[PDB]
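The chain below stands alone and is given in structure tokens; this is the form deposited without the partner chain.
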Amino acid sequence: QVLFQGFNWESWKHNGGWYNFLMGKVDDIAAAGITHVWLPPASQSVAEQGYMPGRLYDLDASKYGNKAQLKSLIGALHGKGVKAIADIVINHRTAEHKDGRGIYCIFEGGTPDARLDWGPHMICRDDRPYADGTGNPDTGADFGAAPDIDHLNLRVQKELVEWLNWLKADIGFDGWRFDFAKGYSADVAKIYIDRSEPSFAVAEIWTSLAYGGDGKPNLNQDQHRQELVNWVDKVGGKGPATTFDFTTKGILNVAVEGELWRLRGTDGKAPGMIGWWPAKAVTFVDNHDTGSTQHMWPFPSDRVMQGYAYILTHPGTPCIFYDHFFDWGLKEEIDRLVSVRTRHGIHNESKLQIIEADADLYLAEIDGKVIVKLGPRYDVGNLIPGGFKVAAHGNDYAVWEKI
């Protein structure tokens, strides 16, 4: 299951439309051995990139293109074996109309009928000024800029599950990416996972790593991955729900700048969520927020290849990012890593064994068939065993495969 992020922060800007543009990269995405691609927010939204949605059913006002174009793209992907997954932004919603009070707290789902046309009652009790006090309090975090949806309300629950099943049915999406899954509770999410039953669902729980007396992350980030492990757990360990492993992204960001000892934690196992529940963890080097033009938490650019060398050989489900693959000229090495990965049947739950994690050498063995070395350590020699040919190498990584 190697996922791809078919967009970045600037994609909505594209001359001629992102969906259309992306039609042209379908063959290449399919060839690379990519099983799923994460598409941006499809409906109408105040903020052009889509994370500020209003008329949930109006795909035609998307800056990425329209409903027609989306079903053409998703048809293409499906035509060449890959699954499309959608960015579900349901913690907050922007309203279409002012109620008399003068607050924009009256919604419009996009259709002549009443689906999704809620009002201030569906906004969380305390989200002033939007909320009129009559809804439930927020089950999770708040998003400053917009109305928060009260997911404890039953009409919100039914019509939102309706919209979800419509997106699988009419549009053809296969699974979900839950934006700001901290915005609402794991219990709420489970109702949406469970009742729309997607073939894949990854949630975005993003919180800070812990920092010691140096301005640098601790080595022990167990409080941080625990939070990811508990969401998957409360939501359903047997469900399709997984979460982006922000703990490996954080550690790795630093680790790669000559601190590869950070890559074996307090327990001699990988410090990320992949060291406690690789199965439910999907790894990434960067996404539209951490990187792209937001640069919220960038991976060292001159090292994004050691990032990929690590997430493509290691357990967890890897996620490649449009940019790195298509625009940074790394298409080929990324490809090659994906091939080593698929050739040896490495997957979700591959056994990982760390051999060395010193400042200048992280050397590890996946499933007994592949060994990945990250680092500038020249004299690696003696540590990689008999019967191992090198599969790929590049800037400060090399992977060997059992012959």
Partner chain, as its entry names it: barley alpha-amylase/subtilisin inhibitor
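Numbering follows the first chain given and starts at 1.
Missing here is the form deposited with the partner chain bound; even so, the following discussion is about that form.
The candidate spot formed by 141, 215 and 295 lies fully in contact with the partner chain in the bound PDB entry, as each residue has a heavy atom within 4.5 Å of it.
Checking 182, 121, 190, 168 against the partner chain in the bound PDB entry, a heavy atom within 4.5 Å turns up for just one residue: 182. Scanning 208, 230, 72, 134 against the partner chain in the bound PDB entry with a 4.5 Å heavy atom cut-off leaves one residue, 208. Heavy atoms of residue 113 never reach within 4.5 Å of the partner chain in the bound PDB entry, leaving it off the interface. Put simply, residue 128 is close to the partner chain in the bound PDB entry: some heavy atom of it is within 4.5 Å. Not displayed here, the partner chain is kept clear of residue 199 by more than 4.5 Å at the level of heavy atoms in the bound PDB entry. Put simply, residue 226 is far from the partner chain in the bound PDB entry: not one heavy atom of it is within 4.5 Å.
Figure note: of the listed segments 312 to 320, 269 to 277, 74 to 82, 142 to 150, the one touching the partner chain in the bound PDB entry, with heavy atoms no more than 4.5 Å away, is 142 to 150.
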